[PDB]
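# Examination of the molecular architecture
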Amino acid sequence: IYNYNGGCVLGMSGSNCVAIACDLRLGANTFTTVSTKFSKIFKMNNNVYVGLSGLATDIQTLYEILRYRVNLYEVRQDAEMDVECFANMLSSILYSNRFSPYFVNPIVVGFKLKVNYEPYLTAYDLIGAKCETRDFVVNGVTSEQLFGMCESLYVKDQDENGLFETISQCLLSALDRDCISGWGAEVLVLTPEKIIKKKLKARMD
Amino acid sequence: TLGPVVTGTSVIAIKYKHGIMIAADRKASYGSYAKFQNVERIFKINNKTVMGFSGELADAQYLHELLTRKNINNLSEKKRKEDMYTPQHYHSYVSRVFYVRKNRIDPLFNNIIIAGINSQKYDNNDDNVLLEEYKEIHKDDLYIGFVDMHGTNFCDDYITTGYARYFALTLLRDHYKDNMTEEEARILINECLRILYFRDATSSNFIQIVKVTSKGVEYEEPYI
Amino acid sequence: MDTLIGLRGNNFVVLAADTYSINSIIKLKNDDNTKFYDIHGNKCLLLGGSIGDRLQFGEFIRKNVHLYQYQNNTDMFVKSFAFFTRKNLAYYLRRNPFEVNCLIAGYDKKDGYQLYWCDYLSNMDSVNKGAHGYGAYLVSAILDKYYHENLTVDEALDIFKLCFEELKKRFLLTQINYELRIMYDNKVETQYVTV
Amino acid sequence: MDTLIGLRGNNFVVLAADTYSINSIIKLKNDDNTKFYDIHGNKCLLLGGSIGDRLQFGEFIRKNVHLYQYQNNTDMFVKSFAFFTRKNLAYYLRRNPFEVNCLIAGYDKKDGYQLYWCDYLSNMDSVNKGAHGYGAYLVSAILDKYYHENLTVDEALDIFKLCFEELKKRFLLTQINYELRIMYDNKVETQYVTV
Amino acid sequence: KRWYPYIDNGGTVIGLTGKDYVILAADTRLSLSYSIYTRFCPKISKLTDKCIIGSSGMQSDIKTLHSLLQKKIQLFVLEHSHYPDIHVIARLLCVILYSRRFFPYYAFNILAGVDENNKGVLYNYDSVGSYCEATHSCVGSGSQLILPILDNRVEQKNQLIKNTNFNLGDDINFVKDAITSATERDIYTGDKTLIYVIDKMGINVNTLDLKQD
Amino acid sequence: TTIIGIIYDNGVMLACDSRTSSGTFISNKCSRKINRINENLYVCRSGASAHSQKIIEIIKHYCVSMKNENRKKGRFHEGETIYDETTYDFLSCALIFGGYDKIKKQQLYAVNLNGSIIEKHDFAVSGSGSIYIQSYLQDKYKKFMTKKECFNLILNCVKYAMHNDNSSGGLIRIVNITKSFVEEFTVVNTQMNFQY
Amino acid sequence: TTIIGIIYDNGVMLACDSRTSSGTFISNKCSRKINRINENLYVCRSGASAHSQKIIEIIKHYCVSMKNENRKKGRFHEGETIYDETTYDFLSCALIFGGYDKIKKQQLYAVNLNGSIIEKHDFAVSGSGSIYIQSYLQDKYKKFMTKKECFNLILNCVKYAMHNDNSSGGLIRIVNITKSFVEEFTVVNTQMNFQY
Amino acid sequence: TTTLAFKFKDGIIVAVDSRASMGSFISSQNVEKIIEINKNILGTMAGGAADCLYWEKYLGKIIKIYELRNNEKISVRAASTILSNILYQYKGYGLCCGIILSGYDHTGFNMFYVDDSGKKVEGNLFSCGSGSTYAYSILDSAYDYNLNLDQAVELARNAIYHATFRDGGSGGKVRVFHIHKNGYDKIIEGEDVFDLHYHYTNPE
Amino acid sequence: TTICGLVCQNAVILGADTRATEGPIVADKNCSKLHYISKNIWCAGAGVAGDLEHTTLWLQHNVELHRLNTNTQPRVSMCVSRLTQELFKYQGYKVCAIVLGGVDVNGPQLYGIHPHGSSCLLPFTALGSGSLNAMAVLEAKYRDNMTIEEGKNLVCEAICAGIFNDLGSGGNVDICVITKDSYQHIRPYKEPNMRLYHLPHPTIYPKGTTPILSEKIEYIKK
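Residues numbered from 1 in each chain as written, not as in the entry; some residues may be left out. Chains lettered and ligands numbered in written order. Part of a larger assembly, values for the part shown. Heavy atoms only, no water.

The deposited coordinates, according to the entry record, derive from cryo-EM at 3.6 Å resolution.

Here it is in structure tokens:
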């Protein structure tokens, strides 16, 4: 975690659908912006999305490592990787480099697939501390402006249309409060039958 | 000063219906060993208010001499029994001298606890500097203040300092009742000081139980 | 430092750089330096930083790509070339520092004219415009005011003439000479201009 | 930094300086700055260094000399003026730093056209030529090769044109604009030139 | 050992406005860096009949700064025979902090109150004295967790700008919900809360007890 | 902590307190600062318990590999003590050995924090509270004592080294060593009570 | 250096070694670590002799100004000792007071390096070699001793604190204090010789 | 913290933003970066929050004293030298300021720029703050000194928008003042400028 | 991070608090600090959760591999030895004060391992930042040969005294009896909040801005 290359991710869990949002700021220096199309969320599987947050030299590196390991595990099993085995994999990949850590604060949003479907949201830290959360979860630079923010705008179980508005207002009200992040927003709400890549016209300040 | 070389232990000050109960051990550690084992730490500054030390002991006499002169100065104009300096006035003075030193570099490391009877509805208009039954106080006239080395000042029903703030205070925040009897007070402090004797290095026996009743200030020396 | 301006159009990519070599910081050793590391597969790379690390990395990344373009009869994709050099910076970050900043730019027959951007660390990201060095604080704003969609080469060079004259007026070390790398219609030409 | 070239002839003194104000080191705030602190008694002082300390010292040394030139009907001697400002730097060295470099230059009716030289500390010494700033390493050598005895103003300005073009070619921050202070025959004129 | 004289005693102060009322809520937990000293230390101290002040820095620079401000405010009421407005108290308090600019009062304070018949005003600043007239503010350990919540009700980012009415009956319940969210997430936020509502007829001292975590 | 090793006329005694605090906090109250290696020799460790607990796990590994090396009842003490020096070639922990043997009657060694294996035929004392009872030992230590004479000396030495030290243990573990391998852990729980 | 102050049944004794080394070198061999202030009280200083020799020059200035303040034979000890605390309001030096008075029989005080003036009605010990004989004192200190009983105790305490310490003095200066102001400097030159 | 200055054919046009952050958190979005001094001279606080706001108000005490003792309007050059001299005494004390004083004196439309250590520089196109260099470069392509007030205030908004977009330290509401010959007009807030959009996607 | 444990007449009862914080802000109000080593022993640790979560996984599998090699239940004296030989190699990085205990062939033991590598058997112990508050009330009412019910409320009071008297320790309290037959995993003393409940406000449907929506219906694998 560093102020260099700021940004943050957040994942919300509705009734049967889950949503993950992030900003799109590639901060060159701490107080600088050179790109507004830096998606911090990656399609790791058909129903297992990951969101990395932190330094950009480790976000792109950890994504290439996870894609090298997930594809090596999906074709070896001839079935897609679930979330429970993928979530514990990140807890070992991050711990395998405990001396030279990867400055990333990931998040994992994806259906557990018990025909059935479960939310299964979790986050980590710089070293790989697993944190299972059946409700909303957030990690990034704006972690301080999002824990208390989502605590007042969160319902127990919401539908698909209600989860997107509950997560868009949760991110737009916190990205405008932070200075080193928030040059855009790209919420990826997904249901067990379809995904939605909805962008937001956030405050370009 | 600079560096708590002669470190002292902590005191425990609770209040009940008959008055304040402040107790402490007489062991002052010097570095890593008990050099002095017969030094008092519950100093009397008035006929109704007492005060306790913690942390540095050599710096503590400087604050004691500053407060005992104010007692003689206040006694010089005692033309009525209501003109005596209440413990709230002594607490605001110590909290003020700690803040002035906080602005400078020297902080005078201490954890001063001022306790006493914050009222004058009892006949004591005859003070003796050098030398029957108790009463019932409304719980509002029993002031017990605390002063940190940073100048933090407040007051509660029970005030615990030093290392006992983590051991005796937790045992005191759930067992303390309002208007306890005299025997129930020392049976709780002796039980909480027993835990401090087993889980603290700079602590020992030789308790100095000091009670501030409505008839004066007493002294005792149990051994648990 | 050294300004590395890079502007990407809809059917072209123009890279700008400084032709001043600063060895023994008080004086300029040689004018008309070589910062661009032209790759045979229409991928003009542009580095920036210390002269010692831009030469040990621009050469290593050129022969490693020329080897791949010769081991196979094909040519390297600009998306694959941009992420290949990004991996070498992250690999050569724990052992050697490599204080270099590169502006990856090329052309592919499946993705159009692309342009990437890096940093001291590995911060690859595809952009339409970008800058590097200490002069980036004075040229990244001009490109935003003049980035009309569906640009052309003759209008993009007008932006740089409206940009080079700004560095000559309100920058610390006033740069006068520049070197452009126009990549319009598979014809990489070097149009170095002054003032 | 800022170059402060000063050349003293046999019957003239020419001072050269930089007209670039460097506040917030990345960029140039204003061009055509004021470094010379002209004194009423034919003593053109020229300072150099931080803008905050050259203004707090050039003003203080000007009013302190203008007071002496008004408290008495006479004018200050250039030898006395050079050692007066040297004393103020040594006095204002133990309390305040004053990172300034001055080139004292004037004229007296008993010692001819003089020119002094100082440093960060008080290092006054009468010289025939001198320089300051980071550009002194590139201009102190040109003056030695072209210091033919019994010079003239028209040949001394030729030396500066052979000197300003050197700073524009092999110096870190290429200076283009300059400001000259010719002091030939009791006529201090400001001939600021460019390139 | 160098004796760092700055410690954060926790606590948060919430501030809201409207047309004729201001709400200043604050928890009452005085704590050390990790332990809890006491559960009652009012961070809100009244000054006049229509102006209060809350703070959340160290408890040393709070009882002093409130008494130093009350001493100057008790001098002005007798030297001019008139109570001071909030517009003139904020200027007096802006120069008190700058008088100790080199050894700053480690206490971020909030000024609330009403001067005219209605005119709900609020004032918030840093630890040195840059007072600015704001409409909502939060200060303390939970200054980063409550400020985005209050930025959704007063200011807006939604498409349809709803909630055109903000009455005192609903605005009090929002601060009671905002201070509850600080206790459930921040650590230094206390349990007892003193909701101070300043209407056109005085102040109110409504209480509330939160989680004693 | 404190450690006292006195030599009998036939055997050797070892005793130590049980406090082992960690930064003015008693986190390992009533522990075992003494350790068993064989039927005849014991090792009482002091200093930091982090780097010292690994040495006892290593010594126990080498001693069982050395006692099985010779024969069934082939044990040694001096040879085992000098091996502890080789494990100090960084960690810092002072140890006090001591036991019975067959080549000689009894033996005792003292290993410092750097590697000196200076033996002591009279007695030895080490630890944190060792400084307060160094002169009291030399004044009361005779040439040959009895089982009850030396036991009354270490009972006062550990009690004196605890009364004037913040690393005062609670119950002390006195361990005897003889020819017939009595090795009884005479553990007591007597506190200090001064008279004047 | 070492300093030992024991209280008699009628008077008080003070003794100290004379080594006061400076960086493993004996530069001030056979010095006077004890000092005289009046006919009844003596002050034995320890610690660094730089900042401590100025305190004795100040105390001697205030005590002669205080003894002349009252009358001709008006002296005081407790009042003079608390004045030493005021001279600790930076220098670091521990001092041990002690003398006879008229308000009470005898008295003794101990001033630490920071300013504590904790008196000791039983006995006191301070200095560098004080740590090695703290338990030996508490074991042999009775309630009331004689002139010869206490003299044999300090003769062994300084000798024990010197035998196991590098700041071992040569000749020791034992100073007595009584009612009739005997104040004889019983200085001896006995070395330590162990038996076993 | 991005500030501006123009000095056109008409009076000086001062424009700022309204963001005040503390590291990686925004304190408030409604700070007043324009601090007036007199009926004509109006300062521009930047850099530190109250490290310069106090002296901008302290200058108002010194000027108003001189405004009555001599019953004449002070100049901008005198208002700048006074602020630069009182700021030089606090050079090595820990201050952090940037102030652009501007007004209308008896001799034209003067304008100055005072730094922390009294680096009083006179010019025509000043700017200071975190995102200064971005807004400093937008004016080099359009400042022509002969632009009417209609296309002048648009340049101040266009320059700040490009400065609050690339920098993270600045942002918020945009203020733009126009110093008249006998006072100064005002414009309050934009807060969201779309100079290059059609609401399609995100730019780059 | 108040974690305490004590022994009884036949089992070892542990206890912890469900609250993990980043230091100034809590991360989650429910975090199971109790871990499953095997059927007869359980562990719980403090400090950094990263060096503790992997240390448990490294111990949960190394014990299971050793359990599958032999045919007896794994002893508690074996996992402490593997932790001692592993924590010394990373004494400056793997900082985690772990306490564990359970039944074995011997009596119910309870080992407390410190992050620097030391370890010692204890009849009752506490660990974490709220250890002083827990060990205070633990030393007051610690009898001998107490029943499971008499040990259930003591370990519950030891954590509850470590919740109110501490800042970074809250949430619910969970215990785990480690008797000979099996284990237990209960969550008693939920501590319901009878204060003003949170009233979440669901925002209206047309909100946000949405410049472009990339709607994608993908149902390929169920």
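Now that the structure has been shown, the text picks up again.
## Details of helix α3 (residues 143–153) of chain E
Judged by how many residues are buried, α3 of chain E sits mostly within the fold: 9 of 11 residues are covered. Burial in α3 of chain E covers these residues: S143, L145, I146, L147, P148, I149, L150, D151 and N152 of chain E. Of the surrounding elements, those touching the buried residues of α3 of chain E are α3 (144–152) and α4 (160–175) of chain A, β1 (12–16), β10 (136–140) and α4 (168–185) of chain E together with β3 (26–28) of chain H. (Buried < 20%, exposed > 50% of the residue type's maximum accessible area, 1.4 Å probe, protein only. Helix = DSSP H or I, 4+ residues; strand = E, 2+ residues; numbered from the N terminus. Contact = heavy atoms within 4.5 Å.)

## Observations concerning the sheet that holds strand β2 (residues 12–17) of chain I
All names here are of chain I. Pairing within the open sheet is antiparallel, and its 4 strands lie in the order β10-β1-β2-β11. The sheet is open, and its two edges are formed by β10 (124–127) and β11 (173–177), each paired on a single side. Strand-to-strand twist of the sheet, defined as the mean angle between neighbouring strand axes without regard to direction, takes the value 15°. In the sheet, β2 pairs with β11 via 5 bridges, with the strands oriented antiparallel. Bridging from a neighbouring strand, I13 pairs with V177 of β11. Packing of helix α3 (residues 131–140) onto the sheet brings it into contact with β1 (3–7) and β10, and relative to β10 it is tilted by some 160°. Where helix α4 (residues 148–164) meets the sheet, it contacts β1, β2 and β11, and its direction lies at approximately 25° from that of β2. (Pairing = 2+ DSSP bridges. Axes fitted to C-alpha atoms, helices over the stretch in contact; angles between N-to-C directions.)

## Some words on the side chain of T152 of chain B
Relative to the helices and strands, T152 of chain B resides in the loop between β10 (142–147) and β11 (153–155). For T152 of chain B, the contacting residues outside a window of four places in its chain are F146 and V147 of chain B together with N9, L30, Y37, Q59 and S60 of chain E.

## Comments concerning the UniProt feature "active site" (unreviewed entry) in chain I
Residues and elements named next belong to chain I. The feature "active site" (unreviewed entry), as given by UniProt, occupies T1 in the numbering adopted here. Along the chain, the position of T1 falls in the segment before β1. With residues up to four places along the chain from it excluded, the contact list for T1 reads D17, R19, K33, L127, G128, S129, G168 and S169. (UniProt positions renumbered as here; feature names shortened; annotations may be inferred.)

## As for the pairing of β1 of chain I
A regular strand carries its side chains on alternate faces of the sheet. Residues and elements named next belong to chain I. The buried fraction of β1 is high, at 5 of 5 residues. Pairing analysis gives 4 bridges linking β1 to β2, with the strands arranged antiparallel. For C4, the partnering residue across the bridge sits in β2 and is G15. Counting the residues between successive antiparallel strands, the hairpin from β1 to β2 contains 4 residues.

## A closer look at the sheet that holds strand β2 (residues 12–16) of chain F
Residue and element names in this part refer to chain F. Ordered by their spatial adjacency, 5 strands build an open sheet running β9-β1-β2-β10-β11, and the pairing between neighbours is antiparallel. A single partner strand is all that each edge strand has here, and the edge strands are β9 (123–127) and β11 (185–188). Taking the axes of each pair of neighbouring strands and ignoring which way they run, one obtains an average angle of 15° across the sheet. Helix-sheet contacts for helix α4 (residues 147–163) involve β1 (2–7), β2, β10 (172–177) and β11, and the interaxial angle to β1 is about 160°.

## So, the interface of chain E and chain I
Each side of the interface is counted separately: chain E has 27 residues, and chain I has 30 residues. Ranking the residues of chain E by area buried against chain I places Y34, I187 and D213 of chain E at the top, with a combined share of 28%. Linking chain E with chain I are 11 residue pairs in polar contact, by the criterion used here. Per-element accounting of the side of chain E that touches chain I gives the leading share, 7 residues, to α4 of chain E. Considering only residue class, the side of chain E that touches chain I consists of 8 nonpolar, 8 polar and 11 charged. (Buried area = accessible area lost by both parts, 1.4 Å probe. Polar contact = N/O pair within 3.5 Å; in protein donor to acceptor, adjacent residues only side chain to side chain. Nonpolar A, V, L, I, M, F, W, Y, C, P; charged D, E, K, R; others polar.)

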